[PDB]
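Here's the structure we're looking at; comments come further down.
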Amino acid sequence: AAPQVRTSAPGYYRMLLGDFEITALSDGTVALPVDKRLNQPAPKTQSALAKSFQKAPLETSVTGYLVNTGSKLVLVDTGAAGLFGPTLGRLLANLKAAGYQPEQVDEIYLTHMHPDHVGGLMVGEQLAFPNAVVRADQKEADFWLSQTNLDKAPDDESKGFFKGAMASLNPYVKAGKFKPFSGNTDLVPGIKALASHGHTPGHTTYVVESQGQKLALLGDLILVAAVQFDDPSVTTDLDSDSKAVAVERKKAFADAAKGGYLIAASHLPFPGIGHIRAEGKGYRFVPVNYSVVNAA
Amino acid sequence: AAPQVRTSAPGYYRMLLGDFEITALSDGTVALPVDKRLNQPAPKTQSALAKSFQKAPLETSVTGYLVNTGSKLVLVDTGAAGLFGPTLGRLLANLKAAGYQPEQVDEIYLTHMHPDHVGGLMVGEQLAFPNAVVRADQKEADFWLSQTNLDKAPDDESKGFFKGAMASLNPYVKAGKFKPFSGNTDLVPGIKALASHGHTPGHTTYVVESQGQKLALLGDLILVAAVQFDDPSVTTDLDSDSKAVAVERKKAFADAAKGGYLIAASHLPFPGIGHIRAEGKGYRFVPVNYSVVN
Ligand SMILES: [Zn+2]
Ligand SMILES: [Zn+2]
Ligand SMILES: [Zn+2]
Ligand SMILES: [Zn+2]
């Protein structure tokens, strides 16, 4: 026989979208006590997860999305680097395994500034993406980079969020490489920012379109697949505005269902890409069928 | 501008099952005219596919399953090698990418002897797995290695099935390395053969169990997920015995729904592993949650 290997394959998933190349990049996974963070009784979460053959704590993917439009290379979210423990921070290595170098990234779009999305921006004291311009909504940057907000943060978890956002973005701000937008904004050709505020004050969805094929990168608009597709009204204590996140999630799901296009989200099971159909009181996520990509 | 890369990740998926290590190994994908092969009206298949955002021809995975028990390295199915065209035959390279060499494989268990499961046994005129013993049901071998069955085959597709089985398996037979079993049989500790005849005369499911964790490798008991989970009675013209395959598929789905354990199948979307629950007149497949192995 042979010794066991016990390693996972490189965490990248390639998919074509019209003339664009999408690469989902895994940052790793982390076990989350979702039954304690969701705004509903723990037994109800347990029953939902059991319907999906799952149990809390739940191993949850953390994913960023690389878009090569053919003229620009854009990275949507960057993982956690070392901010959330040793099971995360795989995204840079998976970017390299996917055939790219960090120096090649032209722009980085942040759905929001929670540590598991901004941590990858820094390797120690060095910019992880030395040529990239970072973009996020002005509301997001104004909230998370505020010293006064950090000084008035209620608990250690929130303080750590502020500190991580500052440590990750401020070096780019200082280098002149942070370029905010406000609300719905055309970014590089083929990618648009769609305001989806409420998980954080400036949470933004990024819509990628090429040759009639559309993909909405929803960020953290959904967090627990086995709960929030069936019941989109369930929120978490990590959402800044629970009512707004429910409204925005329902809007995104309704639009994806009506349009029949792809969505992706950072914490859907990797690669986190699929279609949505409206069913009953909520929605059914349909993960994309495994497809091989070959050179053109 | 950064050039696009346009290559897929190495096609292996690692998963722990108790103390055992499972590696799903992609042989590639192939576009199949499932609307023509399923035994129901083509528009019905097309509408079922549309419900799942799919359309025929449907890109379909071809997967084998490596089980490292800690004492034996067993491979369940081998892909197509070059028998089914350019898009397949990736299993050997993915086995190497998964950190193993073909010479390490101790036993190979075949669900059945269709070309997309036996072709990988051979690389040219050389055994692909030079130290392995191959096992399959006696009924499977007797059917596909039959010279008179080949002479009786109606068209070139079926003749090609017989020729491919013969070319892939007879070098192991000649070397004394084919050991059939008959019906339900305990193979190596932790892996059992479960007769699931009907897709082929000796089609066999392999049940893997470690520390109370069970995984049933169903072979080709299901071929088109978007059709046959909702309606397990729909068969194909490639099934040797349609009534039997419907019975065996329903039995497997009901048992996996009742027991709550994992199933895998060669043509479910890679890695093709998940749970199943009973819903309406059929079943819902629940793909395993992405999980990292260390
Ligand atoms: Zn978040
Ligand atoms: Zn997050
Ligand atoms: Zn078959
Ligand atoms: Zn097959």
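Whatever order the structure lists them in is the order used to number ligands and atoms, beginning at 1. Chain A is the first sequence line, chain B the second, and so forth, proteins listed ahead of strands; every chain is numbered from 1.
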Heavy-atom closest pair (B:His197 atom, B:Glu248 atom, distance to 0.1 Å) is O-CG, 3.4 Å
Closest non-hydrogen atoms of B:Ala265 and B:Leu218, given as atom of the first, atom of the second and distance, are CB-CB, 4.4 Å
The atom name of the N, O or S atom in B:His267 nearest to the Zn ion (ligand 4) is NE2
Taking A:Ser158's backbone N and O only, do any of them form a donor-acceptor pair with A:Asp155's side chain (distance below 3.5 Å, no angle check)? yes
Paired with B:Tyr12, the side chain to side chain contact (heavy atoms under 4.5 Å, CB included) test is passed by just one of B:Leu25, B:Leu91, B:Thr63, B:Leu66, namely B:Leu25
**OP:** Return yes when atom CG of A:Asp156 has more than 12 non-hydrogen atoms of other residues, nucleotides or ligands closer than 6.0 Å, and no otherwise.
**Re:** no
>> Ignoring hydrogens and geometry beyond distance, is a side-chain donor-acceptor pair present between B:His203 and B:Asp220 at under 3.5 Å?
In response: no
Total protein N/O/S atoms sitting under 2.8 Å from the Zn ion (ligand 1), waters ignored, is 4
